[PDB]
Ligand code: SF4
């Protein structure tokens, strides 16, 4: 809990290790104080995978959903608490939901307006990707190479390129673990 907790998953240190899908989900959560079902699952199971405990997850999700009076804690408890507890087996279900790999993520229904699940390398325009990658300090040649992979439908190669270019078989939690090791 010292390293990964409801607070540190918002830190720059820990979030600098997130792949683009998780960054997108965290941004949608921060902006909207809510995520629709598929994004809730993609992000909550990723965070479980990096070691966010059940207690810290319930702190994280209830704080994020109730921010700015978006909903009362009563509403969170009546409409969402069970769903997050279920993801951690706290209601006795005896199914240990695993984090989604990239194939599972890509195989879910493609995101529409208001959805943040999926894979940005597939789901964003080249203009939106280039803007994000510029913000991550990549150069034009680097971005062209990433977009080359996206154009070919090779989304996990695009993501691997972004990893290589921002640092010194396909799974968001592997991206996180590899990146986190390079801080350590
Ligand atoms: S390739 Fe996988 S880890 Fe990378 S952004 Fe897409 S879904 Fe996330």
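Because the Cβ atoms are built from the backbone with ideal geometry, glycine has one as well, and the counts that use them run over all protein chains shown. Since every read-out is calculated from the coordinates, none of them should be taken as a lab result.
Taking only DSSP H segments of four or more residues, each worth -39500 (n - 2.57), what value at 222 nm results for the chain once the sum is divided by all its residues, to the nearest 500 deg cm²/dmol? Don't jump to the answer; show the numbers that get you there.
Details: 12 runs with 111 residues, N = 184.
The helix-only estimate for the chain comes to -17000 deg cm²/dmol at 222 nm.
So if we plug the beta-carbon distance of residue 164 and residue 53 into 1/(1 + (r/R0)^6) with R0 = 30 Å, what FRET efficiency do we get, rounded to 0.05? Intermediate results must be reported in sequence, preceding the final value.
Details: r = 31 Å, r/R0 = 1.05.
Efficiency at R0 = 30 Å is approximately 0.45.
In nm², what is the average projected area of the convex hull enclosing the Cα atoms of region 105-170? Spell out each step's value before the answer.
Numbers: hull surface 19.8 nm².
Mean orientational projected area (region 105-170, Cα hull): 5.0 nm².
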### Message
Rounded, prolate or oblate for region 41-96? Axes are the square roots of the Cα gyration tensor eigenvalues, ordered a ≥ b ≥ c, and the cut-off for rounded is a/c under 1.5.
### Response
oblate
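What is the calculated FRET efficiency for residue 137 to residue 72, with r their C-beta to C-beta distance and R₀ = 45 Å, to the nearest 0.05? Don't skip to the answer; put the middle values down first.
Values: r = 41 Å, r/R0 = 0.90.
Using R0 = 45 Å, I get an efficiency of 0.65.
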### Task
Over all alpha-carbon pairs of the chain, lay out the pair-distance distribution in 5 Å bins, whole %, shortest bin first.
1, 8, 16, 20, 20, 16, 10, 5, 2, 1, 0
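Please list 97-107, 67-77 highest first by mean number of surrounding beta-carbon atoms within 10 Å per residue.
So the peptides 97-107, 67-77, ranked by packing, come out 97-107, 67-77.
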### Query
When ranked by the protection proxy of mean other Cβ atoms within 10 Å per residue, highest first, what sequence do the peptides 24-37, 116-129, 2-15 form?
116-129, 24-37, 2-15
